>>> print(open('model21.cif').read())   # mmCIF, C-alpha atoms; chains and numbers go by the auth columns
data_query
loop_
_atom_site.group_PDB
_atom_site.id
_atom_site.type_symbol
_atom_site.label_atom_id
_atom_site.label_comp_id
_atom_site.label_asym_id
_atom_site.label_seq_id
_atom_site.Cartn_x
_atom_site.Cartn_y
_atom_site.Cartn_z
_atom_site.B_iso_or_equiv
_atom_site.auth_seq_id
_atom_site.auth_asym_id
ATOM 1 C CA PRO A 1 76.568 130.644 171.924 0.00 697 A
ATOM 2 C CA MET A 2 73.080 131.900 171.074 0.00 698 A
ATOM 3 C CA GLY A 3 71.581 133.041 167.782 0.00 699 A
ATOM 4 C CA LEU A 4 69.057 132.147 165.091 0.00 700 A
ATOM 5 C CA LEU A 5 68.471 133.019 161.434 0.00 701 A
ATOM 6 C CA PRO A 6 64.689 132.833 160.877 0.00 702 A
ATOM 7 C CA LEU A 7 63.261 133.553 157.425 0.00 703 A
ATOM 8 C CA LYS A 8 59.826 134.997 156.662 0.00 704 A
ATOM 9 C CA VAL A 9 57.918 135.393 153.394 0.00 705 A
ATOM 10 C CA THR A 10 55.406 137.955 152.137 0.00 706 A
ATOM 11 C CA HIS A 11 54.222 136.224 148.963 0.00 707 A
ATOM 12 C CA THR A 12 52.640 133.422 150.992 0.00 708 A
ATOM 13 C CA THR A 13 49.588 135.679 151.226 0.00 709 A
ATOM 14 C CA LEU A 14 48.430 138.834 149.446 0.00 710 A
ATOM 15 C CA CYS A 15 46.428 141.678 150.987 0.00 711 A
ATOM 16 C CA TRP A 16 44.060 143.903 149.012 0.00 712 A
ATOM 17 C CA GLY A 17 42.264 147.100 149.973 0.00 713 A
ATOM 18 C CA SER A 18 38.837 148.574 149.264 0.00 714 A
ATOM 19 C CA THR A 19 38.310 148.678 145.499 0.00 715 A
ATOM 20 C CA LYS A 20 35.608 150.677 143.720 0.00 716 A
ATOM 21 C CA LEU A 21 34.077 150.254 140.262 0.00 717 A
ATOM 22 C CA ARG A 22 35.632 152.143 137.351 0.00 718 A
ATOM 23 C CA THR A 23 38.854 152.117 139.371 0.00 719 A
ATOM 24 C CA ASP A 24 42.276 150.577 138.753 0.00 720 A
ATOM 25 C CA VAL A 25 44.477 148.936 141.386 0.00 721 A
ATOM 26 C CA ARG A 26 47.950 147.443 140.972 0.00 722 A
ATOM 27 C CA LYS A 27 49.588 145.177 143.552 0.00 723 A
ATOM 28 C CA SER A 28 53.025 143.547 143.586 0.00 724 A
ATOM 29 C CA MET A 29 54.790 141.030 145.826 0.00 725 A
ATOM 30 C CA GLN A 30 58.123 139.206 145.999 0.00 726 A
ATOM 31 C CA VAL A 31 59.404 136.089 147.765 0.00 727 A
ATOM 32 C CA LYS A 32 62.910 135.332 149.029 0.00 728 A
ATOM 33 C CA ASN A 33 64.338 132.051 150.318 0.00 729 A
ATOM 34 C CA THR A 34 68.049 131.266 150.607 0.00 730 A
ATOM 35 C CA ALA A 35 68.453 127.667 149.448 0.00 731 A
ATOM 36 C CA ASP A 36 71.588 125.514 149.497 0.00 732 A
ATOM 37 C CA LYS A 37 70.315 123.045 146.898 0.00 733 A
ATOM 38 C CA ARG A 38 69.410 123.456 143.227 0.00 734 A
ATOM 39 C CA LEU A 39 65.871 122.213 142.589 0.00 735 A
ATOM 40 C CA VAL A 40 63.793 122.859 139.470 0.00 736 A
ATOM 41 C CA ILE A 41 60.114 123.642 140.026 0.00 737 A
ATOM 42 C CA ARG A 42 57.290 124.586 137.661 0.00 738 A
ATOM 43 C CA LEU A 43 54.793 127.326 138.516 0.00 739 A
ATOM 44 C CA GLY A 44 51.626 128.086 136.573 0.00 740 A
ATOM 45 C CA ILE A 45 48.654 130.430 136.848 0.00 741 A
ATOM 46 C CA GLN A 46 44.999 130.054 135.866 0.00 742 A
ATOM 47 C CA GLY A 47 42.579 132.741 134.727 0.00 743 A
ATOM 48 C CA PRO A 48 43.328 135.047 131.775 0.00 744 A
ATOM 49 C CA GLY A 49 43.235 138.741 132.620 0.00 745 A
ATOM 50 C CA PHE A 50 43.645 138.815 136.394 0.00 746 A
ATOM 51 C CA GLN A 51 46.406 136.943 138.222 0.00 747 A
ATOM 52 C CA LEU A 52 50.088 136.966 139.173 0.00 748 A
ATOM 53 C CA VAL A 53 51.164 138.705 135.965 0.00 749 A
ATOM 54 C CA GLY A 54 54.613 140.198 135.469 0.00 750 A
ATOM 55 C CA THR A 55 58.123 138.751 135.503 0.00 751 A
ATOM 56 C CA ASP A 56 56.962 135.550 137.194 0.00 752 A
ATOM 57 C CA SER A 57 59.709 133.030 136.436 0.00 753 A
ATOM 58 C CA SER A 58 59.937 129.668 138.199 0.00 754 A
ATOM 59 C CA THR A 59 59.608 126.927 135.583 0.00 755 A
ATOM 60 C CA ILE A 60 62.955 128.086 134.203 0.00 756 A
ATOM 61 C CA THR A 61 66.290 126.809 135.512 0.00 757 A
ATOM 62 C CA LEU A 62 66.166 128.244 139.032 0.00 758 A
ATOM 63 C CA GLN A 63 65.659 127.301 142.682 0.00 759 A
ATOM 64 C CA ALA A 64 64.374 128.561 146.033 0.00 760 A
ATOM 65 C CA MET A 65 67.381 130.889 146.094 0.00 761 A
ATOM 66 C CA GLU A 66 65.936 132.602 143.020 0.00 762 A
ATOM 67 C CA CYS A 67 63.279 135.319 143.184 0.00 763 A
ATOM 68 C CA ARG A 68 59.576 135.287 142.319 0.00 764 A
ATOM 69 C CA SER A 69 57.660 138.457 141.452 0.00 765 A
ATOM 70 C CA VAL A 70 53.856 138.403 141.409 0.00 766 A
ATOM 71 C CA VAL A 71 51.976 141.485 140.215 0.00 767 A
ATOM 72 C CA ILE A 72 48.181 141.588 140.004 0.00 768 A
ATOM 73 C CA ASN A 73 45.987 144.379 138.641 0.00 769 A
ATOM 74 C CA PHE A 74 42.317 144.723 139.579 0.00 770 A
ATOM 75 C CA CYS A 75 39.927 146.973 137.656 0.00 771 A
ATOM 76 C CA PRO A 76 36.362 145.579 137.690 0.00 772 A
ATOM 77 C CA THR A 77 33.380 147.418 136.208 0.00 773 A
ATOM 78 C CA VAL A 78 30.565 145.943 138.297 0.00 774 A
ATOM 79 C CA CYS A 79 30.228 144.160 141.640 0.00 775 A
ATOM 80 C CA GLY A 80 31.448 140.657 140.857 0.00 776 A
ATOM 81 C CA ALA A 81 32.813 137.563 142.582 0.00 777 A
ATOM 82 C CA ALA A 82 36.165 136.857 140.933 0.00 778 A
ATOM 83 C CA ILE A 83 39.232 135.658 142.834 0.00 779 A
ATOM 84 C CA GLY A 84 42.613 134.257 141.844 0.00 780 A
ATOM 85 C CA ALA A 85 45.159 131.885 143.360 0.00 781 A
ATOM 86 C CA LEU A 86 48.649 130.473 142.809 0.00 782 A
ATOM 87 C CA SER A 87 49.443 126.757 142.641 0.00 783 A
ATOM 88 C CA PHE A 88 52.740 124.949 143.219 0.00 784 A
ATOM 89 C CA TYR A 89 54.071 121.786 141.579 0.00 785 A
ATOM 90 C CA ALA A 90 56.395 119.083 142.902 0.00 786 A
ATOM 91 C CA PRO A 91 59.991 118.721 141.641 0.00 787 A
ATOM 92 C CA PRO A 92 61.159 116.206 139.004 0.00 788 A
ATOM 93 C CA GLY A 93 63.323 114.171 141.360 0.00 789 A
ATOM 94 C CA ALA A 94 62.162 112.255 144.425 0.00 790 A
ATOM 95 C CA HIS A 95 62.939 115.085 146.846 0.00 791 A
ATOM 96 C CA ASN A 96 61.354 114.466 150.249 0.00 792 A
ATOM 97 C CA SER A 97 58.119 116.452 149.999 0.00 793 A
ATOM 98 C CA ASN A 98 55.454 116.540 152.712 0.00 794 A
ATOM 99 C CA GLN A 99 52.042 116.927 151.079 0.00 795 A
ATOM 100 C CA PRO A 100 53.236 119.697 148.725 0.00 796 A
ATOM 101 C CA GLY A 101 51.068 121.923 146.552 0.00 797 A
ATOM 102 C CA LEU A 102 50.522 125.084 148.583 0.00 798 A
ATOM 103 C CA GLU A 103 47.863 127.610 147.572 0.00 799 A
ATOM 104 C CA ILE A 104 48.003 131.353 148.234 0.00 800 A
ATOM 105 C CA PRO A 105 44.688 133.005 149.195 0.00 801 A
ATOM 106 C CA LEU A 106 43.982 135.852 146.772 0.00 802 A
ATOM 107 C CA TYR A 107 40.790 137.640 147.811 0.00 803 A
ATOM 108 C CA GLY A 108 39.650 140.577 145.701 0.00 804 A
ATOM 109 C CA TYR A 109 36.274 141.827 144.496 0.00 805 A
ATOM 110 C CA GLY A 110 34.727 144.965 143.034 0.00 806 A
ATOM 111 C CA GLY A 111 32.901 147.840 144.683 0.00 807 A
ATOM 112 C CA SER A 112 29.260 148.837 144.274 0.00 808 A
#
>>> encode(input="model21.cif", output="structure tokens")
Amino acid sequence: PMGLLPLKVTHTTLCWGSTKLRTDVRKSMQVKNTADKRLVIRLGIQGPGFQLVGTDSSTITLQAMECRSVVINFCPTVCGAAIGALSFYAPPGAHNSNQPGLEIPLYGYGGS
């Protein structure tokens, strides 16, 4: 009687490579989490142009069991300091939440 079913995520954090000016880079990530309950959460992004663009759907009628796709495209023209980030919101009900509101570190700048 021995066995475990651990679950890991890849969306928790995004990794970017060396980007040069006048160049275009496209990154994509997905998160998976088998849930037994049906909770409705709302996800939003800030910063027009660069961010988790794509088929990002969370606010809709879904739950942890669903799937979240985050695709970001970087294509700066000059060395700048612009970075994005994803924010999470608490559910409507009074679900036991321990200091929610996680933020994913999205580091990405332009070359020189």
>>> closest_residue(input="model21.cif", among="A:748, A:756, A:737, A:731", to="residue 784 (chain A)", atoms="all atoms listed in the file")
A:737
>>> resolve_selection(input="model21.cif", expression="the PyMOL selection byres ((chain A and resi 770) around 9)", output="ChimeraX atom specification")
/A:715,719-723,746-747,768-769,771-772,804-806
>>> resolve_selection(input="model21.cif", expression="the PyMOL selection byres ((chain A and resi 707-711) around 9)", output="ChimeraX atom specification")
/A:705-706,712-713,723-728,764-766,798-804
>>> closest_residue(input="model21.cif", among="A:714, A:780, A:774, A:757", to="residue 743 (chain A)", atoms="all atoms listed in the file")
A:780
>>> resolve_selection(input="model21.cif", expression="the PyMOL selection byres ((chain A and resi 791) around 12)", output="list in words")
residues 733, 734, 735, 736, 737, 786, 787, 788, 789, 790, 792, 793, 794, 795 and 796 of chain A
>>> closest_residue(input="model21.cif", among="A:701, A:718, A:730, A:785", to="residue 755 (chain A)", atoms="only C-alpha atoms")
A:785
>>> atom_distance(input="model21.cif", atom1="CA of residue 752 (chain A)", atom2="CA of residue 717 (chain A)")
27.4 Å
>>> residues_near_point(input="model21.cif", point="(52.0, 130.6, 141.2)", cutoff="8 Å", atoms="all atoms listed in the file", output="number ranges by chain")
A: 739-741, 748, 781-784
>>> atom_distance(input="model21.cif", atom1="CA of residue 742 (chain A)", atom2="CA of residue 761 (chain A)")
24.6 Å
>>> atom_distance(input="model21.cif", atom1="CA of residue 751 (chain A)", atom2="CA of residue 703 (chain A)")
23.1 Å
>>> axis_aligned_box(input="model21.cif", around="region 798-808 of chain A", padding_each_side="3 Å", output="lines of an AutoDock Vina configuration file")
center_x = 39.9
center_y = 137.0
center_z = 146.1
size_x = 27.3
size_y = 29.8
size_z = 12.2
>>> closest_residue(input="model21.cif", among="A:704, A:778, A:758, A:716", to="residue 745 (chain A)", atoms="only C-alpha atoms")
A:778
>>> closest_residue(input="model21.cif", among="A:698, A:767, A:777, A:762", to="residue 749 (chain A)", atoms="only C-alpha atoms")
A:767
>>> decode(input="model21.cif", residues="region 763-792 of chain A", atoms="N, CA and C atoms", output="compact mmCIF listing (two decimals), in the first residue's frame")
# COMPACT_ATOMS: atom_id res chain seq x y z
N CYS A 763 -9.04 24.39 -18.44
CA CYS A 763 -7.70 24.61 -18.96
C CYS A 763 -7.48 26.09 -19.27
N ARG A 764 -6.29 26.59 -18.94
CA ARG A 764 -5.96 27.99 -19.18
C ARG A 764 -4.75 28.10 -20.10
N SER A 765 -4.92 28.81 -21.21
CA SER A 765 -3.84 28.99 -22.18
C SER A 765 -3.38 30.45 -22.21
N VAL A 766 -2.10 30.66 -21.92
CA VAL A 766 -1.53 32.00 -21.92
C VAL A 766 -0.42 32.14 -22.96
N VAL A 767 -0.66 32.97 -23.97
CA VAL A 767 0.32 33.19 -25.03
C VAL A 767 0.75 34.65 -25.08
N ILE A 768 2.05 34.88 -24.95
CA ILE A 768 2.59 36.24 -24.99
C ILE A 768 3.57 36.40 -26.15
N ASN A 769 3.51 37.56 -26.80
CA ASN A 769 4.39 37.84 -27.93
C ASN A 769 5.21 39.11 -27.67
N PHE A 770 6.53 38.97 -27.70
CA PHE A 770 7.42 40.10 -27.47
C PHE A 770 8.12 40.51 -28.76
N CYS A 771 8.11 41.80 -29.05
CA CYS A 771 8.74 42.33 -30.26
C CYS A 771 9.06 43.81 -30.10
N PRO A 772 9.92 44.14 -29.13
CA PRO A 772 10.33 45.52 -28.86
C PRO A 772 11.20 46.10 -29.97
N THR A 773 11.29 47.42 -30.01
CA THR A 773 12.10 48.10 -31.02
C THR A 773 13.39 48.65 -30.42
N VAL A 774 13.31 49.06 -29.16
CA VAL A 774 14.48 49.61 -28.47
C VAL A 774 14.55 49.10 -27.03
N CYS A 775 15.76 49.06 -26.49
CA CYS A 775 15.96 48.59 -25.12
C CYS A 775 15.01 49.30 -24.16
N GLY A 776 14.04 48.56 -23.64
CA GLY A 776 13.08 49.13 -22.71
C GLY A 776 12.86 48.27 -21.49
N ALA A 777 12.16 48.80 -20.50
CA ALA A 777 11.88 48.07 -19.28
C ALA A 777 10.38 47.83 -19.10
N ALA A 778 9.85 46.89 -19.87
CA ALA A 778 8.43 46.56 -19.81
C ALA A 778 8.22 45.10 -19.45
N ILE A 779 7.45 44.85 -18.39
CA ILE A 779 7.17 43.49 -17.95
C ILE A 779 5.69 43.32 -17.62
N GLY A 780 5.19 42.10 -17.82
CA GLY A 780 3.79 41.82 -17.54
C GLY A 780 3.61 40.95 -16.31
N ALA A 781 2.37 40.56 -16.04
CA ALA A 781 2.06 39.72 -14.89
C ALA A 781 0.58 39.37 -14.84
N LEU A 782 0.27 38.18 -14.34
CA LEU A 782 -1.11 37.73 -14.24
C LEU A 782 -1.60 37.79 -12.79
N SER A 783 -2.85 38.22 -12.62
CA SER A 783 -3.44 38.33 -11.29
C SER A 783 -4.64 37.40 -11.15
N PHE A 784 -4.85 36.89 -9.94
CA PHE A 784 -5.96 35.99 -9.67
C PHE A 784 -6.97 36.63 -8.72
N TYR A 785 -8.24 36.26 -8.87
CA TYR A 785 -9.30 36.80 -8.03
C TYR A 785 -9.98 35.70 -7.23
N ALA A 786 -10.49 36.05 -6.06
CA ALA A 786 -11.17 35.09 -5.20
C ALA A 786 -12.54 34.74 -5.75
N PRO A 787 -13.05 33.55 -5.37
CA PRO A 787 -14.36 33.07 -5.82
C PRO A 787 -15.51 33.87 -5.20
N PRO A 788 -16.72 33.67 -5.74
CA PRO A 788 -17.92 34.36 -5.26
C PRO A 788 -18.35 33.89 -3.87
N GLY A 789 -18.34 32.57 -3.68
CA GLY A 789 -18.73 32.01 -2.40
C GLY A 789 -17.72 32.30 -1.31
N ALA A 790 -17.87 31.64 -0.16
CA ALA A 790 -16.97 31.83 0.96
C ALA A 790 -15.98 30.67 1.07
N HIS A 791 -15.55 30.15 -0.07
CA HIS A 791 -14.60 29.04 -0.10
C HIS A 791 -13.36 29.37 0.72
N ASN A 792 -12.94 28.43 1.56
CA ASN A 792 -11.76 28.62 2.39
C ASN A 792 -10.54 28.96 1.55
